[PDB]
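>
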Amino acid sequence: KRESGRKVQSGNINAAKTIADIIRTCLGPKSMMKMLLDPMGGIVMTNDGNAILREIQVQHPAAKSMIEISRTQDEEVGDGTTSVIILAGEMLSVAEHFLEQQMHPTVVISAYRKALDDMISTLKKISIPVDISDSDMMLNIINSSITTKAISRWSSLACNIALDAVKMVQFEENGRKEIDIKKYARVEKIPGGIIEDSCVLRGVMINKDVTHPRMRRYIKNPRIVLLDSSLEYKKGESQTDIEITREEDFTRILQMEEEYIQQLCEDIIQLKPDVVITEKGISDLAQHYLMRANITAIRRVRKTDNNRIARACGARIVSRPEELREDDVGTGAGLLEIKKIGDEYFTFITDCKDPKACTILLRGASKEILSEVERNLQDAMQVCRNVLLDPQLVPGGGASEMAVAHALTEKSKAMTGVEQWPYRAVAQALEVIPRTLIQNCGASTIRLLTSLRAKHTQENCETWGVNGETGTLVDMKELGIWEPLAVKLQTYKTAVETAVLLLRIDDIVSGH
Amino acid sequence: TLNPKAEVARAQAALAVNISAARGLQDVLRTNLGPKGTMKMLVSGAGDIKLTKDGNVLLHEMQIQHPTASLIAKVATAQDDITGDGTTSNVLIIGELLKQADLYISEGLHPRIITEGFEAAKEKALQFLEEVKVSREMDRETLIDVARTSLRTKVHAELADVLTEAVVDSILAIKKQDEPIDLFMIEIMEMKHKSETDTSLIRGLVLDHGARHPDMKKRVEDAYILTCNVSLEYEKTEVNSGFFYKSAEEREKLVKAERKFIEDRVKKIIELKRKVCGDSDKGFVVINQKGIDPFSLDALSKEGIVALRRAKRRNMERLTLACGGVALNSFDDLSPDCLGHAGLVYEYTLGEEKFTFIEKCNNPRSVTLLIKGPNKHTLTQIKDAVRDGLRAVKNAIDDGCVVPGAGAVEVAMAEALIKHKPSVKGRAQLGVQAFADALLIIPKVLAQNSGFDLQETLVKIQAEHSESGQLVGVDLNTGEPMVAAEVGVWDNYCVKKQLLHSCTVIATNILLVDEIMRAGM
Amino acid sequence: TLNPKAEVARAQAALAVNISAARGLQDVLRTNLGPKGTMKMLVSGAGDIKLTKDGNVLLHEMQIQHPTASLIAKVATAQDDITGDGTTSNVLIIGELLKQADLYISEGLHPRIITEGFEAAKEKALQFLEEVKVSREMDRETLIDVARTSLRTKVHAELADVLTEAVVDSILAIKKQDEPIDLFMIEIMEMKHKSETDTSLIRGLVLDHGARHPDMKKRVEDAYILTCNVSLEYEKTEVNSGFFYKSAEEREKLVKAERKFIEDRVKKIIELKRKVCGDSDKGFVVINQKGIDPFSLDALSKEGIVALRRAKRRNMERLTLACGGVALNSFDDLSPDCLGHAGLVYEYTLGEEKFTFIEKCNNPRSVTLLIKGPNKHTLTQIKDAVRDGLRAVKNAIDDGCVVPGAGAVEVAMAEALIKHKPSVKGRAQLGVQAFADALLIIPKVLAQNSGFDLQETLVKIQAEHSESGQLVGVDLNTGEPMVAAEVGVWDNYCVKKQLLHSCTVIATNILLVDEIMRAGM
Ligand SMILES: Nc1ncnc2c1ncn2[C@@H]1O[C@H](COP(=O)(O)OP(=O)(O)O)[C@@H](O)[C@H]1O
Ligand SMILES: Nc1ncnc2c1ncn2[C@@H]1O[C@H](COP(=O)(O)OP(=O)(O)O)[C@@H](O)[C@H]1O
Ligand SMILES: Nc1ncnc2c1ncn2[C@@H]1O[C@H](COP(=O)(O)OP(=O)(O)O)[C@@H](O)[C@H]1O
């Protein structure tokens, strides 16, 4: 029914801790697999933290919050999501100070929020900039995802695709340097070819099919037209259908259907275009004028998809076709091609311009290999987004965790009060990240984690992390495990903000 | 630590659940390894019985109760799709790999350390396979040893010489000048009313539907093959008309006019028959897929034509590439350029049905292997053995290298791994030792099924050492060592190659399983 | 097929029961192997507590539920009486031998074949000791490492350096003239009212009861010790008479008359005192075992004579050898022949009690090891350690050859047995492999108790090889390899020799058990 008292906070901890214990071993390159018993007796042997929790049923609402916060991470950053839940579960797993010591959550939350400002400052100290102009460094950075994948045979290809693609979308002139991979980097697959044939189209590719053969097959100077209205007979304000029974009234309603569709098409062809792109559908009578005009018929193109076209070829959006002025012409466009590349038509309006958007062409030998190349390239685009938004990397392999933990432990010495105890407990929670990397490799956890903390005390904290493959210690200057800063800061805030959230819950109430 | 309506195995006992399933599946399939191995029955529940030793059939068609064991069954499907052999030996090595790993995992060893040893033992075992393979030329004497080695594992040691010569000759007819090979060129037919040993080859092709008229020729020693797809039965009016009648007889009178479009096209058939060698000591055959009217059949039958009707898409496909007759979709464009040619064309009468045979062709690029048996399941068992025998001869021809059998490669690779110090990690050799002992399960099981001691057989073949290339195997009749290359036992290079790639990947992934969770089960 | 009140396991389950018992007993004693190993408690039920790592005490004094495990407990009683060490490691090898045998017995191997492999490996294992045994001459530094190696496994690493020099010098005090060392020459005495680290050696004997009178000399630098066994207290009439009294006063007259039997003899002690060097700068001591009246203690104390009473028979025999005076069974025949000679004879004062010490003897051929501790159980703990440390130095001197420790012999013999093929049959190769992997339990367990990974430690010491005779063992503090000779870690030759002969005999006999029948249980 409901929960109240200390049972709530201790219950939310066991729920969040239980969800993290599932994916404790799903961290690093030597991640362990998980067996998911389907209801029909089947098994899925995935090792992805997002896919595991997505398929698991959870009864506690605290678990739904942990999972729903992880999904929000995937939309922004396709990496480090597993670290959020583990840290959020370890930060909450310290229930000694929470209940056994009878401290109020406001005392704990004030310490967790104080450490978060210190964890953020320490990560910027151990950071390091990157020369984004040199693509060789970004290759080593993007290899964190290409490693242990089938696309390693064309690893450099994936970097040049993702690197150059995000640079086109990056509109730095607006100050904030916003990037939109979902809209301005729309990806579409093309059957045929191989992995090497994968490239980036410098334009906008529409997957519209060819309905008739009377369409422009190859053009050197396209002329694209844009409009939102539909090419059909003007209906009434309501959706009332036209019901007719008298034959004499048919020719009247038919003539009204033909003339208005006729006059609207006559104005579209006055500019001598090569393709009519409309947002809404195009009826059969309207297509009879497009095939007669020897121009391509295109429809069902969204607003943002049309906005990129006007920036590419120089077209102009109009409400209706009747108001089409001479400005709506795609002069300077590269070419218009509706070739059937791999048993599927593809509209290419590429040009020699970068209209703050592009389209990625995924060539491949089969749908299985195409999907493998697809999901592997999206993460590379996001790593390029995170580095280009904030070109600062921090040492990975558990080094940034141990480096930050030493700063809090040394800073807690001057922390007079009861908040020093949970403030230090957050530092010991960061050690769980190398604790799992060492557990997966099989090396002794206590022996290496003890020596690992000693290296950060004496030697510089910017290096001396952990090697997940070998298990021994290694400097991140010698091993390119450097991860972005924006991923770690958002990973650290989301873990503390999530733990602060569940700690603020004291009564699970039902009602609507 | 779990939500309601679910379950979770947190500790390492989840791994023991997967090890127990593989150990159980090992003990099931080990009794059907090799020729002397037993057979397993597949009761479909409806009442159909089926006996077979093919591990792919005992895992794909047989549904497995345990959830974990069904995963390994899907791999046997994947193993059969690449090489078509080794599915049984794949499961036995997986069962022993996980068995040997549990001995060290119980001592506190992590699974990830053992899997890194398998990756090292695989590369060493893969390099040693390159040295043992024999790249000799493939001759009829060699492929017979391959076909016998592949067919004796699926039959009662009586259909060996029967299906061996058929399986070998079927392949040699479809490869010359280093051309790429395709097993789809060989058709597999099944017929009853004869003993199991009545299997033989068919150089031509078998057709289902035969001629239907008393005046037909039972055999045509020569004829031009005319491919067609036009319905010579009663069809609708082909012109813009309808049914303008006043009674039933007037409706029937218009059907005569509707038959004018078909009846005249029958004369066009008779015309080209009389034109293209319609003289004495000659014949003509029509293979029209669609139906033919009884009255129209009377016209062609009296002219000495052996007509056929209501054929399948597969028959017309092979009939075209074999005979060369191009399909005419309308008799208006009838011409002699679309005509083929063939030798003997006859219909062998069985006790119940009949089938048309088009044997004695020059180079049809397609043949047929006619299987004969008394029962239904026996024909299916022989169909599987031929497909496994053809794919075995295919691999030996495509991949010109072959390797010895009878566990001689497994015994040699195991000795090489033991004679291999660590190179990736100190503790990795524990997995290399487990990989070595896992390979020895193959000669161990061959000694069990043959009825000999498991330990005496393996120790004798291991003691064979000399200052020269020496590869001994398990003699199923004697039990003593036996040079598999001398007696004529040869396995493919892709079979042993894919075993190491398939065994290591699955034995690795099953070891990396830390927890077993219910996804709403 | 069975009779009432009878049960028998005809199948191989009798081995699975006996093998399971050894594995259980293995897991119990493996935690107390070495100095880093944990201790076991021995609750007698009445409330007494006793802590000890000595496997013989954990098998002789403790009670075991399993009947099969009680057989192995009796073996430790035999192993202790012959060598004095190796009872714990004897049980580990039996469990690991039976563990490896069960792995092969499940594969259909007969038990008798495995026992033949042990007999072949055992004979080869014994020869390896003769090659690696170091016949170093017995000196102080060598025995310190041996006694340290034994005493550290029974104490908290604090009494080791204290007890080491004492146990070494105790044997050297009695070791001379190439005589066989007798442990009866060293008596072990305990004392409360002091801490544990106050243990030290006493050159002479120590007695419980001492002089109790104010007029006694606190220390006697020299004296003619008189050995006697005559009671100087109220005794019965020794002449042809008896006791007849009429009242309490007439009874008191019989005491005065009966006391004259002693009063004439108490002055006899004063006579021989004045007789044999009664001048100045001399002394006299009486060690009469029987009771002495306070009158005689009061009389002789005025003459300056230390008289003792209520001693043991064994102490009187040791006292005669220390002094030289033969025991006089009757004071009437007193003479100087019954006298001896000794040096400083003082009295050690504790908080409550006081003890007699006869240090500075001439030729006792015997010493005493004075143990001191605060608790009762701590005295029994240290006593069991010194008895084990004494036998360790005894075996090192009785058998001048020693061998390394830290499992260095087991790691070496394991590699030696692997490089050795049979000579009776091939299947004995499996038993030799089980013997090889069984000896490695000792270096495996030492890594567990020290808190290090079982596999990393063994692989390092086993991988360490060179082009020369090189030893290698487990470093309990660091976990890295360690040459035992370069650090002072040595075992005995008879211990390792009896270990191989003991484990092979019992692991053999346990494997030959085909059935377990209840004799009316
Ligand atoms: N090659 C490597 N060596 C050492 N540590 C690595 C390596 N690759 C990734 N890691 C570590 O593993 C952690 C998880 O990485 P990743 O799998 O990319 O994210 P997630 O586990 O959230 O999916 C990171 O914090 C990183 O420090
Ligand atoms: N004369 C023959 N002698 C010894 N072993 C044989 C012989 N023929 C086949 N074998 C063994 O039988 C095993 C199984 O063969 P096969 O049935 O083709 O594969 P699978 O059992 O995996 O389907 C092979 O590993 C091979 O070594
Ligand atoms: N510091 C040490 N380093 C290496 N090995 C040791 C050390 N101390 C003891 N050992 C080993 O522990 C073993 C057991 O010693 P001990 O307790 O005397 O016999 P048991 O365990 O059979 O009663 C010996 O074989 C010895 O080699």
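Protein chains in written order, with my numbering: chain A, 12 to 523; chain B, 114 to 634; chain C, 114 to 634.
Backbone N, C-alpha and C fix where the C-beta goes; we use that ideal spot for every residue, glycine too.
Pick helix, strand or coil for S313/C, following the three-state DSSP scheme.
strand
> Any chance the segment 180-197 of chain B sits against the segment 593-604 of chain B, with 3 or more Cβ pairs inside 8 Å?
Here the segment 180-197 of chain B makes no contact with the segment 593-604 of chain B; the two share fewer than three CB pairs at distances below 8 Å.
> Would you mind sorting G160/C into buried or exposed? The rule is 16 or more other CB atoms within 10 Å of its CB.
exposed
> Let me see if you follow: with CB-CB separation under 7 Å, is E189/A close to chain B or not?
Not an interface residue.
> Can you determine whether any heavy atom of ligand 2 sits closer than 6 Å to the C-beta of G160/B, and answer yes or no?
no
> Let me know if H223/B comes out buried or exposed under the rule of 16 or more other beta-carbons within 10 Å of its beta-carbon.
Answer is buried; the Cβ neighbour count reaches 16.
> Skipping 5 residues on each side, what residues in its chain have a beta carbon closer than 6 Å to that of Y300/A?
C276
> Assuming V602/C and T262/C form a contact by the criterion Cβ under 8 Å, report the distance between their Cβ atoms to the nearest whole angstrom.
Going by Cβ atoms, the distance from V602/C to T262/C rounds to 6 Å, so yes, they are a contact pair.
> Distance check for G168/C and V333/C, CA to CA, integer angstroms please.
45 Å
> Could one say the Cβ of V572/B lies closer than 7 Å to chain C's Cβ atoms, at least one of them?
Yes, contact with chain C.
> Using a Cβ-Cβ cut-off of 7 Å (strictly less than) and excluding sequence neighbours within five positions of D311/B, which residues of its own chain qualify?
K485
> Residues of the segment 447-461 of chain A with a CB closer than 7 Å to any CB of chain C: list them in chain order, please.
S455
> Report the partner residues of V247/B according to the DSSP bridge assignment.
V515/B
> Can the beta-carbon of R423/B be found closer than 7 Å to that of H322/B?
Their beta carbons are under 7 Å apart, which means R423/B touches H322/B by this criterion.
> When you compare the CB of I67/A with every CB in chain B, is at least one pair closer than 7 Å?
Chain B, which has a Cβ nearer than 7 Å to the Cβ of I67/A, makes this yes.
> Looking at chain C, is there any beta carbon in it that lies within less than 7 Å of the beta carbon of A549/B?
Output row for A549/B: interface = no.
> What are the complete beta strand (DSSP E) segments, minimum 3 residues, inside the segment 350-413 of chain C?
The segment 350-413 of chain C contains these whole beta strand (DSSP E) runs: 397-399.
> Do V458/B and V398/B come within 7 Å of each other at the CB atom, strictly closer than that value?
For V398/B and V458/B, yes; Cβs fall inside 7 Å.
> Just checking, does the segment 390-402 of chain A make contact with the segment 435-447 of chain A on the three C-beta pairs under 8 Å criterion?
no
> Distance check for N605/C and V506/C, CA to CA, integer angstroms please.
9 Å
> By Cβ distance below 7 Å, which residues in the same chain neighbour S411/A in space, the five residues on each side in sequence not counted?
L134, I137, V405 and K499
> Where does the unbroken beta strand (DSSP E) through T481/B begin, and where does it stop?
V480 to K485
> Spell out whether any CB of chain B is found under 7 Å from the CB atom of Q568/C.
yes
> With H, G and I counted as helix, E and B as strand and the rest as coil, what does DSSP make of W603/B?
strand
> Taking the CB atoms as reference points, tell me whether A560/B and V537/B lie closer together than 7 Å.
no
> Taking contact to mean at least 3 C-beta pairs separated by less than 8 Å, is the segment 565-573 of chain B in contact with the segment 472-492 of chain B?
no
> Under a CB-based cut-off of 7 Å, is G539/C close to chain B?
yes
> Among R124/A, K188/A, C395/A and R227/A, which residue has its Cα nearest to the Cα of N305/A?
For the set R124/A, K188/A, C395/A and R227/A, the Cα lying nearest the Cα of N305/A is the one of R227/A.
> Taking Cβ-Cβ distances shorter than 8 Å, what residues in chain B pair up with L589/C?
None at all; the shortest Cβ gap to chain B is about 18 Å.
> Restricting to Cα atoms, I'd like to know which of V130/B, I301/B and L339/B is closest to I418/B.
Among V130/B, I301/B and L339/B, the Cα nearest to that of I418/B is on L339/B.
> So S414/C packs on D335/C, CB below 8 Å; how close in whole Å?
Rounded to whole angstroms, the Cβ separation of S414/C and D335/C is 18 Å, and the two are not in contact under 8 Å.
> Could you tell me whether the Cβ atoms of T491/B and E232/B are closer together than 7 Å?
No, Cβ-Cβ distance for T491/B and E232/B is not below 7 Å.
> Can you tell me where the alpha helix (DSSP H) with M526/B in it begins and where it stops?
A521 to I531
> Any idea what DSSP makes of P495/A, helix, strand or coil?
strand
> On the DSSP bridge assignment, give the partners of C341/C in chain order.
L441/C
> Does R336/A pass the burial test, meaning 16 or more other C-beta atoms within 10 Å, or should it be called exposed?
exposed
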